[PDB]
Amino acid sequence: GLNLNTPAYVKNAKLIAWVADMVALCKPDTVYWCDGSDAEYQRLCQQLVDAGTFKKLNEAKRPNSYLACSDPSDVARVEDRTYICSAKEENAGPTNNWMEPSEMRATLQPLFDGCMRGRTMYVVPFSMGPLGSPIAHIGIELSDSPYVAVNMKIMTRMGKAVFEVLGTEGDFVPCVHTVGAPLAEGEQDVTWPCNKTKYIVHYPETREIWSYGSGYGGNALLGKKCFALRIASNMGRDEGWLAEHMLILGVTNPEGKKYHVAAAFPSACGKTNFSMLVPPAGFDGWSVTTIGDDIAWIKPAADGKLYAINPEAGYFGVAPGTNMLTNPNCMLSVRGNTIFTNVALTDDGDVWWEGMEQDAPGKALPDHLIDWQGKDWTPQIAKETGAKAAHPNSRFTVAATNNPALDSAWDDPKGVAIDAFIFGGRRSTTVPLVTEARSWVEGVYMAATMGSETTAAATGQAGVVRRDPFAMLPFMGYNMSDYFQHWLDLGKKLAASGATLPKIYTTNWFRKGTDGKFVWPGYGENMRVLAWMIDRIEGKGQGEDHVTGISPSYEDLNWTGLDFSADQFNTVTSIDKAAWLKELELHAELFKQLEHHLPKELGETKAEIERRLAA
């Protein structure tokens, strides 16, 4: 077979055999094993510069940073091309796209046969979770994209140290990726190779992941969504733990007590902002620290507590909207050593995106930019056509250790105990600012039934309300109704210890007024809601019983430093009977679709809410 160039530190016979089999199938010109060093990163970045995929940014303005721009067909996740190919269709469920595995294997084999002709196969070894810790799991991604290799170096623990952990017999998650654009001898490549035809396929029984045609984000960085959510949710369902689309933060009040909170918001609905929240005026003595902004692996312990870890090593965050008001910790994080994707280029070799003008003199747009499609951009063009200099799904990739607010336990494999869960969709109407569930079952209900308006994080029409249970609609690895039962069963195990269960909240930062603008100021002001949750955790916070749960009164929040009247508070906390009667009918349609294995407790909770609305 082809010379694999297998390094001497690879002692795993089964792994080498697997690579040999994949090289026989994909037929790359050469094979390169990524060792994960900083020196290699710089070499691969310089290689990307030569290919035109990367532009190096001005070293004086943005040290050791690069900008990539993608093909306009390859800018986001493609949910319609993402499949869970379980042996039985009922174990994919109605929220997933399924195909008989042998039938998908016959569909993909011609696509991957020779997919890497004219290209290099990069072997990308990685650990999700701290290296060699009891909770970590190892993957190997074979890819023909050097863009994948360098982004994986930031987002995971990548490289030769993985093989010390694997040893001769360790198991691993097998991942194969190709941009699906094989090159003929002497053929000129493009700056962003991709294919109009795309598949992102998961075989849960074998833990296999196959990705074809996209080089972008969660389609191609296979440790992040494919492994650490879709495959990991199957593993945790069988082994007693959870893999969740949740940030994890720590918060310390002036008396020095520290709590931790996990929040599930859908894609591009404020996780990165909340996980790095800076307390505003009126909260002297409070501090917020980040454990993670996207993925949480959680399991119960004998002491009755729920322990969470962040399995990633960096941030892959939405760029537009980031500035010193909305997320200063993130602004400081991306001062250097960052990869930017699909943002705009300034005349001085820096980057720009919509929202940055809030920090500019006169809050004014730049005079001239090159947009993410390479076209000239000016404020006049933006005024007359609304052209976006940065694509709405543009991204920064940056190490977690760049974050000034990073928690000291961010990479502690013992985890942090979770004192409260938060669920929240992007809802222009109906859902109030914050509600505490009356019981664990009612909390699971609120998580199961949450809705959210679609965003640019996946292709398709943005701004449409859809059901997104637990913010896991694009990421649940098995039948969504069985997952609801898993959460119910987890609560029973915790309660049997005698412990008090974590509280569950529903939030909504995104109610709109008649002009389409947000009625709640949000961002740093979200601390005022978080501090009520802390009060409630301590047993010191008051609240009123409403239809959907317990909500604070105006006098229960701290308004020092914010001019927000009791009338504006009533607007974002009033439970509107008609809006909720309509909302509960949309829950019934969900329950009809998820009828198979749907826990009876959800129907019972719905009937109790229906009674409270008709009272």
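Each residue number is its position in the shown sequence, starting from 1. Only the largest set of C-alpha atoms that superpose within 1.5 Å between the two forms is called the rigid core.
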item: Rigid core superposition result in 5 other deposited structures of this protein, more deviant of 341-349, 513-521 by Cα; value: 513-521
item: Stretch farther from the shown model on average in 5 other deposited structures of this protein, with CA RMS computed after core superposition (429-437, 213-221); value: 429-437
item: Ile248 not built in a third or more of the other entries; value: no
item: At least a third of other PDB entries omit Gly270; value: no
item: 162-170 versus 286-294 - greater average Cα B-factor per the deposited record; value: 162-170
item: Between 406-414 and 186-194 (mean CA B-factor, as deposited), the higher; value: 186-194
item: Per the PDB entry, maximal CA B factor within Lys257, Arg157, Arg438, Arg77; value: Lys257
item: Top residue by Cα temperature factor, when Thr341, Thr506, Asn310, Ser86 are compared in the entry; value: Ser86
item: Within-chain third of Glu244 by Cα B-factor, per the entry; value: lowest
item: Among modelled residues of the same chain, the CA temperature factor third for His587; value: lowest
item: Where the record places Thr397 (Cα B-factor, split into thirds across the chain); value: lowest
item: Third of the chain, ranked by Cα B-factor, where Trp33 sits; value: middle
item: Ranked C-alpha temperature factor of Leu44 among modelled chain residues, by third; value: middle
